[PDB]
Amino acid sequence: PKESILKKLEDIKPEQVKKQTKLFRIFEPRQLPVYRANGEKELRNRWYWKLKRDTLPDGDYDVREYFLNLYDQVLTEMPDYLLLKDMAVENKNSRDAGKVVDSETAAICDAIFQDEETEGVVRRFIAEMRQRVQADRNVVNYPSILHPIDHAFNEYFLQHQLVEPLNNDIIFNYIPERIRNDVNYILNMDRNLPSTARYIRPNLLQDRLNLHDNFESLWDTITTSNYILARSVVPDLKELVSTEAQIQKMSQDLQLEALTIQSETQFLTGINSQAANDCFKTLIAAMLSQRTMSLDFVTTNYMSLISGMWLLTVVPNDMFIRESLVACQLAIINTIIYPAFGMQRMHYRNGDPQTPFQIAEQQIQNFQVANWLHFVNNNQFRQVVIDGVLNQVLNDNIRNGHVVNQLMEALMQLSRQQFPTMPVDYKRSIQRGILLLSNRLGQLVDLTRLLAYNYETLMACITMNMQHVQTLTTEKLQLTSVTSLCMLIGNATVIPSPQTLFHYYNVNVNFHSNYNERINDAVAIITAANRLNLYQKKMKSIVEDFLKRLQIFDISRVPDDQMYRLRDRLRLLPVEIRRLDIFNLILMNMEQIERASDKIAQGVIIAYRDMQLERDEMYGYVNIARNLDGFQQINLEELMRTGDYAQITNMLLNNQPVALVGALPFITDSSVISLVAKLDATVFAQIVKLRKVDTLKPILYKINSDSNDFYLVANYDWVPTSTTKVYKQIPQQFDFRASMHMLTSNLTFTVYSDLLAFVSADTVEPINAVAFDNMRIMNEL
Amino acid sequence: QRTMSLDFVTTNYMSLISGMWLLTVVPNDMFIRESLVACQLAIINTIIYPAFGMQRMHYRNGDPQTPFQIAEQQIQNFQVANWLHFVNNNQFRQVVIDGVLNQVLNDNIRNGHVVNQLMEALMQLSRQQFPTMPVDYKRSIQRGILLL
Amino acid sequence: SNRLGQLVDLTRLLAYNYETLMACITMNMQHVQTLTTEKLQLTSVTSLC
Amino acid sequence: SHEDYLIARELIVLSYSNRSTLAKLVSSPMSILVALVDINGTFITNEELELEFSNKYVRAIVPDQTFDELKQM
Amino acid sequence: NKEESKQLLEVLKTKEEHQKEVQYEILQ
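Chains as they are written, first to last, in PDB author numbering: chain A, 107 to 887; chain B, 396 to 543; chain C, 544 to 592; chain D, 219 to 291; chain E, 72 to 99.
See below:
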């Protein structure tokens, strides 16, 4: 399970850069006929704007879902850059052998040149429409033929495409300031990058959700993920002092002899490599990921208690978990400190607000230990915002290691005391146990400086702010794993390679970018759904997808409540500029798309008065209406939420004028005999019997010479009068000149996703490695 | 006039001891700025300043000024300062001969005379301690300098 | 604390079904302490909650 | 197991005739295969000769032409 | 056989792409 998490993290590819090959379109021209007024038909035909892919459902709720789906299409298509030359094509009728942006645009231009029934002006316009360039600026202007909404979307994708000019300075500036300013690293590159180049910037916007505020199940997983990632980049302690010889110094100083190699209970039992490395890895990874770590030790082993002092000094106490260090401090006080002044053991209480070192700092009267314990109790992190990110920083006294001198002062004092209450052998054992640390003093100092340096160096490669909050699950830390580290160490510096840093930084960047981008997705759909009145829509599967695209969770064991709270927070986030503009371009044109689409209609008027039909021209005479004024209206989605067919039934039985509003199908009837027979009034009797309104299909009375009974109109002097008009708009007329636009773009750029691959990096020899204070680390011998 | 870059490992300080000769005789605008700056910076942080006892540096890689151009002012020693002065002003010179442009040298390089100043400076660096430094790596550097 | 809106929804649902079924009662719903008594396991609330 | 049966029937019938180009052959590609396995979790050894695990991940930067070699094998 | 063999040769090219290589290749 553990290794899988890192497999998922390091397989987080960045957000795949988009580049479209064609243009987003909703509309297309289409030849229909034209019927001159009085109804009869021209020999000539005419182009009109119609919709590609009439797929609009019935009912208003389903239509608003459709426009949400359209928003989803446009977002999924929404690119990051584009080069128009790669999609451009020839124009087969251009004077200058020019080009145009899309194949369908070219098809239109090459189809209108061939028709008999096209003006000469458009043919001239086709001869004179061509591409143009200006190469000093690397800018191109291509023709295009585009519906205005299509032009709006495409023009937004042109003007708001996310790229940034790439140079050799920005490569450096992508690295943190500390690494550039750290003299232990040397950087260079073997390429100069032109101004023709480009690069995309990640979205490194900090946590909009505050998952460290009562999303503990997610924060536990996140913190665990970052911890285990940090374990894969903390260096292994490549070089050590020996184990057998060191243990022989322990067994020749302490006279537990012979063959205490095998007998293992006192001052020993976890001296090995395999814990020293664990502690070295764990401390740094925990402080970086901000993960609390619990302690599993034994009280018989007093060297563990002694090396816990060093631990509780160099590391803050608010970083651990409470009961463990309470036990450890209590133990230390009861058997190293208070017996060193003839004080009582202690009388500690389980649920006490203060830890033993606090309430012990004031009791005993010794300067050294008092100021040591003062430091310990008041040791804590320093919050500070640097490069935008919050950071938990060490004291700046731990870093330039002098805390260990206060520690040695205290321990030497305790050596100088007597233990009156206790025998000589016990004191002898303890005092030898702390002389064994005194003899390792300089190495401890060096270790402290080395941990601080590696910690800040790896802190540099972090993008998400690092909060100090306790967690559900912990990481075990045997105190023998400190004692090992404190006893197996010396004259062996380990500096993280620059490549590990770049790897870790790019991983965190990619996780953070994925996080923000998917947040923006979810926020976009939530805001859009809430502004389109979608009330039957359960906003869960979207959040399930959101958590699935973050490749660290287990959706099998996350509930609905966390999802809905996460949604409640996501409601309150501003939508990014791209998505917001595309949505406000859709709220102002969803109706204009919905006025089109000859498969549904926006209503039907029912006024029992023999009213006139309208002289349109793509049709002839029609029972169409385009204003919906006068008569009172009834919304059908209202009627289908709360079924109350009392009003409408009352209104139909009494032949009362009314309008019905909602996406309604329709069927064209080109029979004049269906006009005088009045079949469109025959459709509303099924609404009073079977109160459903779903199989409701009003009539459209399109009349023209293609109707087989039109001759009556041209023989009997009657304008078509009728009843029960339909509320519907007409298609728009295709103006070739006015539909033409010029699309601008950049000429021939190149997009580079990774940005540090051009950097080659090297380390100074780690013996001569230096900290903030311009003073060497790992120098005591 | 093919720009060429440098690619090294700073642990092999002999490579840098030869690179300083290179930067002395070969101009600096021929080397891409990033690798040149890296080489100079490795030289300073490894050889020069720990020979004298300064703090290492804090260089800003987006600086129009160059590490040797700081060392020309921060060092108090006439030998290396005049060497560094030469290096900072070791650029090609534009001349027009027979109708072709030409990138010529400073005429203390066409004859070998500036290397005398280099080795005087280097002998001085050899004769100096490296106060903070250890001893095996110090004797090794001093003898590696006395080689050249 | 995280089931807030969920428990609001539950409570309204409960009260709605209770009052709607109260409408379909004739005999006066009178409050009396009874001899025997239905056992309610609070786990079966912990389930529901 | 089944794969054991496959291996055994496929070696037993060829080891009756081939006795010079069988173990030498099939045991040779393995040297390339080791350069294809991503490390996820590691064991280390000190100069002082002690194991010490590492969560280090390492990819497998295998060139292209060794695959052609492997295919010939 | 050999159609599937050549496709096996091919799928070990597209896969396991290094990032520095594609950067220098776009430049080159």
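For every residue, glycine included, the Cβ atom is placed at its ideal position computed from N, Cα and C.
query = Does the Cβ-Cβ distance between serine 851 of chain A and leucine 190 of chain A come in under 8 Å?
reply = Sequence index remark: in the first sequence, residue 851 of chain A carries index 745 (1-based). Sequence index remark: in the first sequence, residue 190 of chain A carries index 84 (1-based). Against a cut-off of 8 Å, the Cβ pair of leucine 190 of chain A and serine 851 of chain A comes out as a contact.
message = Comparing C-alpha positions only, which one of A:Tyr611, A:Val551, A:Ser587 sits nearest to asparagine 407 of chain A?
response = Residue mapping note: residue 407 of chain A aligns to position 301 of the first sequence, counting from 1. The residue among A:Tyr611, A:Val551, A:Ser587 with its C-alpha nearest the C-alpha of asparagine 407 of chain A is A:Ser587.
inquiry  = Let me see if you follow: with CB-CB separation under 8 Å, is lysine 86 of chain E close to chain D or not?
reply    = Taking the first residue of the fifth sequence as 1, we reach residue 86 of chain E at position 15. No, its Cβ sits nowhere closer than 8 Å to a Cβ of chain D.
query = What residue ranges within the segment 212-274 of chain A form continuous beta strand (DSSP E) runs of no fewer than 3 residues, ordered along the chain?
reply = Scanning the segment 212-274 of chain A from its first residue to its last, the whole beta strand (DSSP E) runs of 3-plus residues come out as 238-240, 245-251.
query = Is the shortest distance between the beta-carbon of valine 870 of chain A and the beta-carbons of chain B less than 8 Å?
reply = For this step, residue 870 of chain A is matched to residue 764 along the first sequence. Yes, its Cβ sits closer than 8 Å to a Cβ of chain B.
ask   = From the DSSP output, which residues share a beta bridge with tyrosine 141 of chain A?
value = The sequence position of residue 141 of chain A within the first sequence is 35, counting from 1. Note: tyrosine 141 of chain A sits in a beta bridge opposite A:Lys147.
task = Give me the Cβ distance between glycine 768 of chain A and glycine 165 of chain A, rounded to the nearest whole Å; I'm assuming they're in contact under 8 Å.
result = Position 662 of the first sequence, counting from 1, holds the residue named residue 768 of chain A. Position 59 of the first sequence, counting from 1, holds the residue named residue 165 of chain A. The Cβ separation is near 7 Å, so the contact holds.
request  = Would you kindly report the start and end of the unbroken alpha helix (DSSP H) that includes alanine 351 of chain A?
outcome  = In the first sequence, counting from the first residue as 1, residue 351 of chain A sits at position 245. DSSP places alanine 351 of chain A in the uninterrupted alpha helix (DSSP H) bounded by 350-359.
query = Within the 8 Å Cβ cut-off, does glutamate 287 of chain D reach chain A?
reply = One-based indexing of the fourth sequence puts residue 287 of chain D at position 69. Output row for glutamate 287 of chain D: interface = no.
message = Does chain D have any CB closer than 8 Å to the CB of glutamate 345 of chain A?
response = Walking along the first sequence from the start, residue 345 of chain A turns up at place 239. Residue contact check for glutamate 345 of chain A against chain D: a CB pair falls below 8 Å.
task = Using a Cβ-Cβ cut-off of less than 8 Å, list which residues of the segment 276-288 of chain A approach chain B; keep chain order.
result = Considering only beta carbons, the part of the segment 276-288 of chain A lying closer than 8 Å to chain B consists of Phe278, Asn279, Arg286, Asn287, in chain order.
ask   = With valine 339 of chain A and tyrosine 610 of chain A assumed to form a contact (beta carbons below 8 Å), what rounded beta-carbon distance in angstroms separates them?
value = Here the question's residue 339 of chain A lines up with position 233 in the first sequence. Here the question's residue 610 of chain A lines up with position 504 in the first sequence. Right, their Cβ atoms sit about 5 Å apart.
ask   = Quick one: Cα of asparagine 506 of chain A to Cα of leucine 541 of chain B, how far?
value = Here residue 506 of chain A refers to the residue found at position 400 when the first sequence is read from its first residue. Here residue 541 of chain B refers to the residue found at position 146 when the second sequence is read from its first residue. If I take the Cα positions, the gap works out to 36 Å.
key: Collapsed DSSP secondary structure at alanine 392 of chain A in the structure displayed   = Here residue 392 of chain A corresponds to residue number 286 of the first sequence, with the count starting at 1. If DSSP states are grouped into helix, strand and coil, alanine 392 of chain A belongs with the helices.
ask   = In its own chain, which residues sit with a C-beta less than 7 Å from the C-beta of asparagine 294 of chain A, not counting the 5 before and 5 after it?
value = Counting from one through the first sequence, the residue named residue 294 of chain A turns up at place 188. Excluding sequence neighbours, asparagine 294 of chain A sits near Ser866.
inquiry  = Which residues of the segment 636-666 of chain A have a Cβ closer than 7 Å to any Cβ of chain C? Give them in chain order.
reply    = Going along the segment 636-666 of chain A in chain order, one finds no residue with a Cβ nearer than 7 Å to chain C.
key: Proximal residues to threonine 599 of chain A (C-beta, below 8 Å), its chain only, five neighbours per side dropped   = As a working mapping, residue 599 of chain A is identified with position 493 in the first sequence. Residues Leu556, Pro872, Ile873, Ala875, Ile883, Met884 of the same chain have their beta carbon placed closer than 8 Å to that of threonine 599 of chain A, with the five preceding and five following residues left out of the count.
query = What residues in its chain sit with their C-beta under 7 Å from that of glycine 376 of chain A, if we drop five residues either side in the sequence?
reply = The count along the first sequence starts at 1 and reaches residue 376 of chain A at position 270. Contacts found: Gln584, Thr586, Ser587, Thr589, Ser590.
task = Whole angstroms is fine: what's the gap from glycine 596 of chain A's alpha carbon to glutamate 886 of chain A's?
result = Counted from its first residue, the first sequence places residue 596 of chain A at position 490. Counted from its first residue, the first sequence places residue 886 of chain A at position 780. Between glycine 596 of chain A and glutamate 886 of chain A, the C-alpha separation is close to 8 Å.
inquiry  = Contact defined as beta carbons within less than 8 Å: I believe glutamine 486 of chain B pairs with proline 462 of chain B. What is the distance between those atoms, to the nearest angstrom?
reply    = One-based indexing of the second sequence puts residue 486 of chain B at position 91. One-based indexing of the second sequence puts residue 462 of chain B at position 67. Taking the Cβ atoms as the reference, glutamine 486 of chain B lies roughly 16 Å from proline 462 of chain B, outside the contact range of under 8 Å.
message = Helix, strand or coil, according to DSSP, for residue 84 of chain A in the structure here?
response = Outside the shown range of chain A, which is 107 to 887, sits residue 84 of chain A, and nothing can be said about it.
key: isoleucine 262 of chain D at chain A interface by Cβ criterion, 8 Å   = The count along the fourth sequence starts at 1 and reaches residue 262 of chain D at position 44. Proximity of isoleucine 262 of chain D to chain A, defined by a Cβ-Cβ separation below 8 Å, is satisfied.
query = Residues of chain A with a CB under 7 Å from the CB of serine 400 of chain B: which are they?
reply = Stepping through the second sequence from its first residue, residue 400 of chain B is reached at position 5. Using a Cβ-Cβ cut-off of 7 Å, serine 400 of chain B is close to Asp296 of chain A, given in chain order.
key: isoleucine 279 of chain D: contacting residues in chain E (beta-carbon distance under 7 Å)   = Numbered from its first residue, the fourth sequence carries residue 279 of chain D at position 61. Neighbours of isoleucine 279 of chain D across chain E, judged by C-beta separation under 7 Å: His89.
ask   = In chain order, what residues of the same chain have a beta carbon less than 6 Å from the beta carbon of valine 870 of chain A, not counting five sequence neighbours either side?
value = Within the first sequence, numbered from 1, the residue matching residue 870 of chain A stands at position 764. Hits under 6 Å: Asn290.
query = Going by beta carbon distance, what residues of the same chain come within less than 8 Å of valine 575 of chain A, once the five residues before and after it are set aside?
reply = Taking the first sequence and counting its residues from 1, one reaches residue 575 of chain A at position 469. Around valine 575 of chain A: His318, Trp325, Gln396.
ask   = Taking Cβ-Cβ distances shorter than 7 Å, what residues in chain G pair up with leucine 98 of chain E?
value = Within the model displayed, chain G is absent; protein chains A, B, C, D and E are what it includes.
key: Beta-bridge partners of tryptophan 155 of chain A, as assigned by DSSP   = As a first step, residue 155 of chain A is located in the first sequence; it is residue number 49 there, counting from the start. Answer by DSSP bridge pairing, in chain order: A:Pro135.
key: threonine 405 of chain A beta carbon less than 8 Å from that of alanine 437 of chain A   = Taking the first sequence and counting its residues from 1, the one referred to as residue 437 of chain A is at position 331. Taking the first sequence and counting its residues from 1, the one referred to as residue 405 of chain A is at position 299. Against a cut-off of 8 Å, the Cβ pair of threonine 405 of chain A and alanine 437 of chain A comes out as a contact.
query = Should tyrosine 559 of chain C go down as buried or exposed, given a rule of 16 or more other Cβ atoms within 10 Å for buried?
reply = Locating residue 559 of chain C in the third sequence gives position 16, where the first residue counts as 1. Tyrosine 559 of chain C counts as exposed, since fewer than 16 other beta carbons sit within 10 angstroms of its beta carbon.
ask   = Thinking C-alpha only, which one of D:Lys289, D:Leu288, D:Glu287, D:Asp282 is nearest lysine 86 of chain E?
value = If you number the fifth sequence from 1, residue 86 of chain E lands on position 15. Measuring from the Cα of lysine 86 of chain E, the nearest candidate turns out to be D:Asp282.
query = Along chain E, in chain order, which residues have C-beta atoms closer than 8 Å to that of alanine 863 of chain A?
reply = The sequence position of residue 863 of chain A within the first sequence is 757, counting from 1. Within 8 Å Cβ-Cβ: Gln90, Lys91, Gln94, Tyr95.
task = List in chain order: all unbroken alpha helix (DSSP H) runs of 4+ residues lying wholly within the segment 428-478 of chain A.
result = Every unbroken stretch of the alpha helix (DSSP H) spanning 4 or more residues and falling wholly within the segment 428-478 of chain A is given here in chain order: 428-438, 462-467.
message = So, under 8 Å CB-CB, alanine 212 of chain A and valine 227 of chain A are touching, yes? Tell me the CB distance rounded to an integer number of Å.
response = If you number the first sequence from 1, residue 212 of chain A lands on position 106. If you number the first sequence from 1, residue 227 of chain A lands on position 121. Between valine 227 of chain A and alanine 212 of chain A the Cβ distance is about 19 Å, and since that is not below 8 Å, they are no contact.
query = To the nearest angstrom, how far is it from the Cα of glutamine 573 of chain C to the Cα of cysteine 567 of chain C?
reply = Taking the third sequence and counting its residues from 1, the one referred to as residue 573 of chain C is at position 30. Taking the third sequence and counting its residues from 1, the one referred to as residue 567 of chain C is at position 24. Roughly 15 Å separates the two Cα atoms.
ask   = In three-state terms, what does DSSP make of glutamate 515 of chain A?
value = In the first sequence, counting from the first residue as 1, residue 515 of chain A sits at position 409. DSSP places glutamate 515 of chain A in helix when its eight states are reduced to three.
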